[PDB]
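The chains referred to below are lettered A, B, ... by the order of the sequence lines, with proteins before strands, and numbering in each begins at 1. Heavy-atom basis, side chains included; hydrogens, waters and symmetry copies ignored.
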Amino acid sequence: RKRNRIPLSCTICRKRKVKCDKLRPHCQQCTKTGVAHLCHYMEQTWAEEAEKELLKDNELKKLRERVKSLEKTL
Amino acid sequence: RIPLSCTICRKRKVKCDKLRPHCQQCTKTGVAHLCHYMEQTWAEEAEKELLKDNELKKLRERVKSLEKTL
DNA sequence: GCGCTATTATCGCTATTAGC
DNA sequence: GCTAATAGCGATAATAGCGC
Ligand SMILES: [Zn+2]
Ligand SMILES: [Zn+2]
Ligand SMILES: [Zn+2]
Ligand SMILES: [Zn+2]
Ligand SMILES: [Zn+2]
């Protein structure tokens with residue numbers, strides 16, 4: 001009866017086995033120890049949808065600033 | 001009908017404290033940025049995200065047209 | 001770097017609500 | 001009275017991370 005349980009801590013803290021604060025997008029542990037941008041988290045099954053949404057919202061936002069920027073250029 | 005528990009706690013099947021802007025369950029697990037509450041029915045929301053999908057496609061197409069014309 | 005235990009988090013099942 | 005729908009518990013699988 002395995003449970004598909006994915007760690008919420010970041011890969012580095014997990015690999016190093018240290019305390020993870022879980023800060024996004026990069027945790028304070030990684031930042032405090034000089035590997036901030038090496039910090040990332042595993043995708044959660046129950047987060048996929050909420051992620052798809054956040055990202056999609058960001059894309060419409062940036063794509064629109066882009067249409068405006070391009071137009072406001074040529 | 002519109003659920004009172006944030007979508008994540010719903011999917012996680014845990015009790016939501018329904019605190020805003022983000023509940024403590026999401027907060028504590030580090031996913032507060034993904035914590036949100038529904039403002040409309042599931043049908044209304046699904047339809048909204050469907051239109052977003054299409055508008056997105058049309059945008060990516062417009063940017064190509066625009067830049068690939070610059 | 002990792003072993004070992006404390007604490008956490010998944011998912012089947014139960015309790016409760018909504019509806020016929 | 002009964003079946004579906006939604007919420008949410010809780011047993012236990014499995015991580016978190018202290019401390020060596
Ligand atoms: Zn971390
Ligand atoms: Zn970075
Ligand atoms: Zn990190
Ligand atoms: Zn919640
Ligand atoms: Zn939440």
Subject >> Nucleotide of D:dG17, D:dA7, D:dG8 approaching B:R10 most closely (side-chain heavy atoms) >> reply: D:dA7

Original post:
Which parts of residues 33-42 of chain A get close to DNA chain C, meaning a heavy atom less than 4.0 angstrom away?
Top reply: none

Original post:
Do other residues, nucleotides or ligands put more than 12 heavy atoms under 6.0 Å from B:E39 CD?
Top reply: no

Original post:
Would you say the side-chain atoms of A:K56 pair up with the backbone N or O of B:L56, donor to acceptor, closer than 3.5 Å?
Top reply: no

Subject >> Atom-pair distance (NZ on A:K19; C1' on D:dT15), nearest Å >> reply: 13 Å

Original post:
Can you tell me how far CG of B:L70 sits from CG of B:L66, rounded to the nearest 0.5 angstrom?
Top reply: 7.5 Å

Subject >> Under-4.0 Å side-chain N/O to phosphate OP1/OP2 contact, A:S9 with D:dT15 >> reply: no

**OP:** Inspect the surroundings of NZ in A:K52 and state if more than 12 heavy atoms from other residues, nucleotides or ligands are less than 6.0 Å away.
**Re:** no

Original post:
Going by heavy atoms in the side chains, are B:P3 and B:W42 under 4.5 Å from each other?
Top reply: no

Original post:
What integer number of Å spans the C1' atoms of D:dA14 and D:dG10?
Top reply: 16 Å

**OP:** Nearest whole angstrom, please: distance from the P of C:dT7 to the NZ of B:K28.
**Re:** 15 Å

**OP:** Could you run through nucleotides 10-20 of chain C and give me one letter per nucleotide, 5' to 3': B if any protein heavy atom sits under 4.0 Å from the base, S if only the sugar-phosphate is that close, - if neither?
**Re:** BBBB----S--

Original post:
How many angstroms lie between atom CG of B:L59 and atom NZ of A:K62, to the nearest 0.5 angstrom?
Top reply: 14.5 Å

Subject >> Results of side chain to side chain contact (heavy atoms under 4.5 Å, CB included) for B:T7 - residues two or more places apart only >> reply: B:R10, B:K11, B:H36, B:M38

Original post:
How would you list, by chain and number, every residue that makes a salt bridge (charged side-chain N to carboxylate O under 4.0 Å, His left out) with A:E51, sequence neighbours excluded?
Top reply: none

Just list the side-chain donor-acceptor pairs under 3.5 Å for residues 13-21 of chain B, sequence neighbours left out, or say none.
residue: B:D17; atom: OD1; partner: B:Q24; partner atom: N; Å: 3.4
residue: B:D17; atom: OD2; partner: B:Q24; partner atom: N; Å: 3.0
residue: B:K18; atom: NZ; partner: B:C16; partner atom: O; Å: 3.2

Subject >> Nucleotide pairing, DNA chain C (Watson-Crick or G-U, distances under 3.5 Å), in dot-bracket with [ ] and | >> reply: ||||||||.|||||||||||

Subject >> Pair B:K64 + B:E67, salt bridge at N-O below 4.0 Å >> reply: yes

**OP:** To the nearest 0.5 Å, tell me how far B:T29 OG1 sits from B:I8 CD1.
**Re:** 8.5 Å

Original post:
What does A:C13 touch in the nucleic acid at a heavy-atom separation under 4.0 angstrom: a base, only the sugar-phosphate, or nothing?
Top reply: nothing

